[PDB]
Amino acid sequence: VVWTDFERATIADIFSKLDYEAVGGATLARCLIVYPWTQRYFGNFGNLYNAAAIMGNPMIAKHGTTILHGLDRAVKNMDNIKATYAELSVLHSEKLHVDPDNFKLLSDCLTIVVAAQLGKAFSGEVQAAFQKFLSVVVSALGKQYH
């Protein structure tokens, strides 16, 4: 990837405004409620029940937070994302066999949580740089052929 100066700055700026625990927990719970099939990958968390059970799930909040810190790792290594995610790629493809549509479903939920928080500050241009970042991420998480 090659990053524009604008792209590099707004990525750093977005993450600097997110409470990782707050946004992580909210993101993963959103994904598990809007796209219930994704629950299957997290069989050992707790309640496959109501949205309320997902919403108060402490294991879900925990893991949501872990995802955000994993994203922060890419933000700290913007020109070296593929290698930075090499072991996470092995985990998520080779071991867990996460259908890669799921990376996009989760990314889309993150985008919508960020949008809601940031408001009019989350302009088309800001969304463009965020989306390019998530594309780079999801590409480095997916099966590595190359």
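Note that residue numbering begins at 1 and tracks the sequence as displayed.
(request) Answer yes if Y85 is missing coordinates in at least a third of the other compared entries, and no if every one of them models it. (result) Per the records, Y85 is modelled in all the other entries.
(message) Counting only other entries where the flanking residues are modelled, do a third or more lack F42?
(response) No, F42 has coordinates in all the other entries compared.
(request) Can you let me know which of the two, 127-135 or 17-25, has the higher average C-alpha B-factor in the entry? (result) Higher mean C-alpha B-factor: 17-25.
(message) Tell me which stretch, 81-89 or 57-65, has the higher mean Cα B-factor listed in the entry.
(response) According to the PDB entry, the answer is 57-65.
(request) In terms of CA temperature factor as recorded, identify the highest of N47, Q117, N102, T111. (result) Max CA B-factor in the entry, restricted to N47, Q117, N102, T111: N47.
(message) Sorting by Cα B-factor within the chain, modelled residues only, which third would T38 end up in: lowest, middle or highest?
(response) Middle third of the chain for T38's C-alpha B-factor.
(request) For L106, return the chain-relative third of its C-alpha B-factor as stated in the PDB record: lowest, middle or highest. (result) Answer is lowest: the recorded C-alpha B-factor places it there.
(request) Could you look up the Cα B-factor of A51 in the entry and say which third of the chain it sits in: lowest, middle or highest? (result) As the PDB entry reports it, the C-alpha B-factor of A51 lands in the highest third of its chain.
(message) Among the modelled residues of this chain, does the Cα B factor of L96 put it in the lowest, middle or highest third?
(response) Highest third, going by the recorded CA B-factors of the chain.
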